[PDB]
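Worksheet for the structure shown next.
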Amino acid sequence: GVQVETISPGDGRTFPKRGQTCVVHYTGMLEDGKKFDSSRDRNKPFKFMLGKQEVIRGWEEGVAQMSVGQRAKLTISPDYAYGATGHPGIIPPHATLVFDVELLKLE
Amino acid sequence: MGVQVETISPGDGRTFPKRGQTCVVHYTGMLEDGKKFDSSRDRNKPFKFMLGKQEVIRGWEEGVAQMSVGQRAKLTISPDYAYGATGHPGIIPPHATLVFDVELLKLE
Amino acid sequence: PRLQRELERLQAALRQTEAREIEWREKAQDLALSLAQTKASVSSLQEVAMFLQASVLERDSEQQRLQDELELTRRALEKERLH
Amino acid sequence: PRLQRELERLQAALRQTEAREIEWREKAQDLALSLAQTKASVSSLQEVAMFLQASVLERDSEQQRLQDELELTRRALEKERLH
Ligand SMILES: CC[C@H](Cc1ccccc1)[C@@H]1/C=C/C/C=C/C[C@@H](C)[C@H](O)[C@@H](C)[C@@H]2CC[C@@H](C)[C@@](O)(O2)C(=O)C(=O)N2CCCC[C@H]2C(=O)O1
Ligand SMILES: CC[C@H](Cc1ccccc1)[C@@H]1/C=C/C/C=C/C[C@@H](C)[C@H](O)[C@@H](C)[C@@H]2CC[C@@H](C)[C@@](O)(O2)C(=O)C(=O)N2CCCC[C@H]2C(=O)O1
Ligand SMILES: [Mg+2]
């Protein structure tokens with residue numbers, strides 16, 4: 001599954017609903033902290049619509065538990081990410097992922 | 001200053017894609033000198049796109065729309081109908097005229 | 001007499017070159033692993049793009065049916081508003 | 001002589017090792033250049049994927065508004081058939 005731990009608190013009351021666009025900044029890491037991707041490095045907030053399966057299951061479940069303004073660590077097991085195959089050159093097979101995600105706004 | 005279509009092999013001359021139809025195709029993408037940058041044939045996997053939905057570069061939208069089912073054609077596409085001044089670093093250089101060897105396999 | 005000295009010098013020059021050969025080989029072998037992993041990364045991003053395009057197509061197919069149904073339903077509403 | 005054999009053997013070993021060093025050096029340089037170029041294609045495909053995901057999102061937003069309009073048109077049609 002996915003574990004959600006708070007880095008910095010949000011407003012604690014504005015949670016995203018299905019069909020809403022989540023605007024976030026994220027850093028993606030392997031379990032040893034090695035970065036593989038970051039929207040912050042691009043200075044370009046990432047956007048996705050909740051409930052449309054545009055992103056991995058760990059995000060679908062994890063981000064929906066976050067409130068606007070919250071920064072959180074999502075620890076995602078491989079069955080909720082990229083499983084037994086992974087993505088050669090990027091994500092190894094059976095990798096647990098750690099995402100540092102900030103929910104900036106909803107639109 | 002657009003796209004030119006030269007027939008390599010003829011199609012049925014009768015079944016032309018309409019906007020809203022999915023075109024199933026094989027293509028090989030080459031730079032003007034003949035250097036291959038991409039191929040659906042090397043993947044063994046036909047490429048699919050819907051005509052009239054702004055899914056592909058303008059040279060494709062205009063070129064593939066002139067083809068009938070079964071036709072194989074060379075599409076020579078100017079930079080303004082492809083990737084322009086910027087290109088795609090490491091794949092398509094600045095101001096690249098592109099040549100696609102395209103075959104329309106079927107419509108779905 | 002002096003030829004014993006030069007043979008030892010060339011032996012030491014050979015050891016130095018042998019060391020350099022190893023440094024370049026190892027540098028080359030490390031770069032070769034980075035390249036293979038970076039090439040793998042390209043293939044994986046290509047396949048991700050292929051998936052995202054299949055997703056765009058699936059959405060446009062669904063958009064096509066919704067546009068047709070909306071058009072017909074609008075037409076029926078105009079027909080009813082006359083009569 | 002005694003040393004002429006070892007001098008010839010040291011000359012041959014040195015030139016062969018030097019040639020091998022030169023090849024590894026050239027390979028390391030060419031792999032470094034190829035790596036830099038492949039890294040650029042990785043960045044470009046990332047940007048293509050970013051665009052395709054923005055296209056998916058845009059289709060999903062448009063589907064949501066098209067569906068909503070269809071619903072409003074249906075309610076309006078239903079109300080005309082009552083009132
Ligand atoms: C492998 C991409 C994967 C495809 C997928 C979609 C739906 C369901 C299951 C999988 C899906 C894709 C979504 C939408 C496209 C986004 C395009 C640009 C912004 C990403 O940078 C892409 C190029 C890379 C590909 C390799 C990935 C390992 C990762 O680095 O994204 C990454 O950070 C990740 O793991 N990301 C990106 C940030 C959100 C979480 C997660 C994800 O869900 O990815
Ligand atoms: C830059 C990709 C571009 C983005 C775009 C979308 C809509 C309008 C304008 C541009 C658009 C995208 C379409 C839908 C995604 C398809 C994903 C997989 C199948 C492609 O292999 C992608 C990963 C690469 C990206 C770099 C390109 C240089 C090229 O190598 O495709 C290529 O051959 C091309 O020039 N292609 C792919 C086959 C059709 C012709 C043309 C094209 O229109 O591409
Ligand atoms: Mg339509």
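Labels for the structure tokens follow display order: chains A, B, ..., residues from 1 in each chain, ligands from 1.
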
Exercise for review: Output the contact residues of chain A with respect to chain D at a cut-off of 9 Å, based on only C-alpha atoms, as a ChimeraX atom specification.
Suggested key: /A:19-21,46-49,52,54

Quick one: residues within 10 Å of segment 85-90 of chain A, only C-alpha atoms, excluding same-chain residues fewer than 6 positions away - as a PDB file with N, CA and C atoms, in the first residue's frame?
ATOM      1  N   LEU A  30      14.136   6.699  -4.600  1.00  0.00           N
ATOM      2  CA  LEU A  30      14.211   5.301  -4.173  1.00  0.00           C
ATOM      3  C   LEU A  30      14.349   5.269  -2.656  1.00  0.00           C
ATOM      4  N   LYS A  35      17.377  10.489  -5.686  1.00  0.00           N
ATOM      5  CA  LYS A  35      16.355  11.147  -6.499  1.00  0.00           C
ATOM      6  C   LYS A  35      16.332  10.573  -7.912  1.00  0.00           C
ATOM      7  N   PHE A  36      15.128  10.343  -8.442  1.00  0.00           N
ATOM      8  CA  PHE A  36      14.951   9.959  -9.849  1.00  0.00           C
ATOM      9  C   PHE A  36      14.142  10.958 -10.685  1.00  0.00           C
ATOM     10  N   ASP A  37      13.414  11.863 -10.033  1.00  0.00           N
ATOM     11  CA  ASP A  37      12.622  12.883 -10.721  1.00  0.00           C
ATOM     12  C   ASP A  37      12.203  13.967  -9.732  1.00  0.00           C
ATOM     13  N   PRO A  78       5.790  -1.592  -3.952  1.00  0.00           N
ATOM     14  CA  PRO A  78       5.770  -1.786  -5.416  1.00  0.00           C
ATOM     15  C   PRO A  78       4.426  -2.169  -6.037  1.00  0.00           C
TER      16      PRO A  78
ATOM     17  N   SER C  34      26.828   3.645 -17.392  1.00  0.00           N
ATOM     18  CA  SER C  34      25.955   4.828 -17.366  1.00  0.00           C
ATOM     19  C   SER C  34      25.152   4.953 -18.651  1.00  0.00           C
ATOM     20  N   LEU C  35      25.825   4.743 -19.783  1.00  0.00           N
ATOM     21  CA  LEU C  35      25.188   4.820 -21.096  1.00  0.00           C
ATOM     22  C   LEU C  35      24.091   3.776 -21.267  1.00  0.00           C
ATOM     23  N   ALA C  36      24.380   2.533 -20.888  1.00  0.00           N
ATOM     24  CA  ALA C  36      23.397   1.445 -21.006  1.00  0.00           C
ATOM     25  C   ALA C  36      22.160   1.756 -20.151  1.00  0.00           C
ATOM     26  N   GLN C  37      22.386   2.264 -18.939  1.00  0.00           N
ATOM     27  CA  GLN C  37      21.286   2.675 -18.061  1.00  0.00           C
ATOM     28  C   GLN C  37      20.539   3.889 -18.608  1.00  0.00           C
ATOM     29  N   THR C  38      21.264   4.837 -19.212  1.00  0.00           N
ATOM     30  CA  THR C  38      20.624   6.011 -19.837  1.00  0.00           C
ATOM     31  C   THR C  38      19.841   5.601 -21.102  1.00  0.00           C
ATOM     32  N   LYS C  39      20.395   4.706 -21.913  1.00  0.00           N
ATOM     33  CA  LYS C  39      19.654   4.118 -23.050  1.00  0.00           C
ATOM     34  C   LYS C  39      18.386   3.373 -22.597  1.00  0.00           C
ATOM     35  N   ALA C  40      18.487   2.627 -21.496  1.00  0.00           N
ATOM     36  CA  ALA C  40      17.311   1.939 -20.923  1.00  0.00           C
ATOM     37  C   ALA C  40      16.229   2.957 -20.543  1.00  0.00           C
ATOM     38  N   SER C  41      16.660   4.039 -19.896  1.00  0.00           N
ATOM     39  CA  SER C  41      15.802   5.176 -19.541  1.00  0.00           C
ATOM     40  C   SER C  41      15.043   5.772 -20.729  1.00  0.00           C
ATOM     41  N   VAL C  42      15.714   5.922 -21.874  1.00  0.00           N
ATOM     42  CA  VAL C  42      15.076   6.395 -23.120  1.00  0.00           C
ATOM     43  C   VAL C  42      13.966   5.450 -23.577  1.00  0.00           C
ATOM     44  N   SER C  43      14.271   4.150 -23.625  1.00  0.00           N
ATOM     45  CA  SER C  43      13.271   3.138 -23.979  1.00  0.00           C
ATOM     46  C   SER C  43      12.069   3.185 -23.044  1.00  0.00           C
ATOM     47  N   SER C  44      12.321   3.301 -21.741  1.00  0.00           N
ATOM     48  CA  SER C  44      11.223   3.379 -20.758  1.00  0.00           C
ATOM     49  C   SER C  44      10.371   4.650 -20.898  1.00  0.00           C
ATOM     50  N   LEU C  45      10.996   5.788 -21.199  1.00  0.00           N
ATOM     51  CA  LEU C  45      10.243   7.032 -21.411  1.00  0.00           C
ATOM     52  C   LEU C  45       9.414   6.983 -22.693  1.00  0.00           C
ATOM     53  N   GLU C  47       8.109   4.215 -24.017  1.00  0.00           N
ATOM     54  CA  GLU C  47       6.944   3.379 -23.687  1.00  0.00           C
ATOM     55  C   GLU C  47       5.933   4.096 -22.795  1.00  0.00           C
ATOM     56  N   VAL C  48       6.407   4.916 -21.851  1.00  0.00           N
ATOM     57  CA  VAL C  48       5.522   5.811 -21.084  1.00  0.00           C
ATOM     58  C   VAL C  48       4.757   6.757 -22.021  1.00  0.00           C
TER      59      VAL C  48
END

**Study point:** Gap from atom CA of residue 39 of chain B to atom 19 (C, counted along the ligand's line) of ligand 2 - Å, one decimal
**Key:** 8.5 Å

Check your understanding: segment 7-19 of chain C: which residues within 8 Å, counting only C-alpha atoms, same-chain residues fewer than 3 positions away excluded, as a ChimeraX atom specification?
Key -> /C:3-4,22-23 /D:3,6-7,10,13-14,17-18,21

Generate a file of the selected residues that holds C-alpha atoms, formatted as a short mmCIF file (atom, residue, chain, number, x, y, z; two decimals), in the first residue's frame.
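Result written to result-v5.cif:
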data_model
loop_
_atom_site.label_atom_id
_atom_site.label_comp_id
_atom_site.auth_asym_id
_atom_site.auth_seq_id
_atom_site.Cartn_x
_atom_site.Cartn_y
_atom_site.Cartn_z
CA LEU C 3 72.56 -1.17 -20.82
CA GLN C 4 71.49 -2.70 -17.47
CA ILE C 22 43.84 0.46 -16.29
CA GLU C 23 42.65 3.99 -15.41
CA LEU D 3 70.05 -7.71 -23.16
CA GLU D 6 64.90 -8.24 -23.27
CA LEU D 7 65.15 -4.81 -24.98
CA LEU D 10 60.32 -4.48 -23.52
CA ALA D 13 55.30 -4.87 -24.51
CA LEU D 14 55.44 -1.04 -24.23
CA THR D 17 50.28 -1.50 -24.00
CA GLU D 18 50.43 2.10 -25.31
CA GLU D 21 45.76 2.66 -23.60
#

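Since chain C and chain D share the same sequence, their Cα atoms can be paired directly; the RMSD after superposition is 1.6 Å.
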
Point to revise | Test item: residues at most 12 Å from residue 13 of chain A, only C-alpha atoms, excluding those fewer than 4 positions along its chain, as a PyMOL selection string | key: chain A and resi 9+64-70

For the residues in the current selection, export C-alpha atoms as a PDB file, in the first residue's frame.
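File produced: result.pdb:
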ATOM      1  CA  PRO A   9       0.780  20.725   8.001  1.00  0.00           C
ATOM      2  CA  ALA A  64      -6.527  12.296  -1.512  1.00  0.00           C
ATOM      3  CA  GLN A  65      -5.553  12.120   2.208  1.00  0.00           C
ATOM      4  CA  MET A  66      -3.702  15.482   1.966  1.00  0.00           C
ATOM      5  CA  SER A  67      -5.163  18.955   2.606  1.00  0.00           C
ATOM      6  CA  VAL A  68      -4.298  22.112   0.605  1.00  0.00           C
ATOM      7  CA  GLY A  69      -0.918  23.446   1.808  1.00  0.00           C
ATOM      8  CA  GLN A  70       0.220  20.075   3.238  1.00  0.00           C
TER       9      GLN A  70
END

Review point. What do you get as a list in words if you pick all residues at most 7 Å from ligand 2, counting only C-alpha atoms and all ligand atoms?
Key: residues 29, 37, 38, 39, 47, 54, 55, 56, 57, 58, 60, 88, 91 and 92 of chain B; 46, 49, 50 and 53 of chain C; 45 and 48 of chain D
